[PDB]
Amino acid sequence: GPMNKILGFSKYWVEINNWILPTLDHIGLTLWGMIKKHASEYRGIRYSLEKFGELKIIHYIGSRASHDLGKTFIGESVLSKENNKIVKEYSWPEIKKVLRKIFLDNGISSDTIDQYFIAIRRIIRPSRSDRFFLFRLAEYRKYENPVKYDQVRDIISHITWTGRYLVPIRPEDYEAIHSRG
């Protein structure tokens, strides 16, 4: 198997968006983060992708991330090896430039993108040496009824998500959320 620690091993992962954001329009386009902050999560999802070929990602919004969609699962997407043939790692200026291009090509305004990076940078404070991971997602689709946390609180374990960005869930937890809204 792997060697260093992985948070989990699964075809189904949740992306947790817990910080204040100027928009949710970018959600479903990428997964990215600072490696040393999410090392076992990155290692787990990379190893999961290798074994499963394609992962299903459910996107979760924390209460601070939105006033109206707080604590809800809003949609899901696909993380595929075909869209992610070469794993590349990045400095902060490099990944900013890659993400800005992706977000502009998806119709997000330049001003909103400026606000996104200012909000993120407040929180993670990169240094010149810090490295970043990036996965390109595909097929994001918004749930027509947002799945509120209270609908599945006794099924998934939110308490274990504290301070996480990507967490594994079981196949039946995916089906439980997917089958709602």
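Position 1 is the first residue in the sequence shown; the rest follow in order.
Going by the mean C-alpha B-factor recorded in the entry, which is higher: 31-39 or 120-128?
Going by the record's values, the stretch with the higher mean is 120-128.
Mean CA B-factor: is it higher for 64-72 or for 111-119?
Between 111-119 and 64-72, it is 64-72 that shows the higher mean C-alpha B-factor.
Relative to the other modelled residues of the same chain, rank the CA B-factor of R100 and answer lowest, middle or highest third.
Within its chain, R100 is a lowest-third residue by C-alpha B-factor, going by the deposited values.
Going by the CA temperature factor in the PDB record, which third of the chain does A138 belong to: lowest, middle or highest?
Middle third of the chain for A138's C-alpha B-factor.
By the record's CA B-factor, is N84 among the lowest, middle or highest third of residues in the chain?
For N84, the deposited C-alpha B-factor lands in the highest third.
Should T23 be placed in the lowest, middle or highest third of its chain by the C-alpha B factor in the entry?
Middle third - that is where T23 ends up once the chain's C-alpha B-factors are sorted.
Please rank the C-alpha B-factors of the chain's modelled residues and tell me whether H59 sits in the lowest, middle or highest third.
As the PDB entry reports it, the C-alpha B-factor of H59 lands in the lowest third of its chain.
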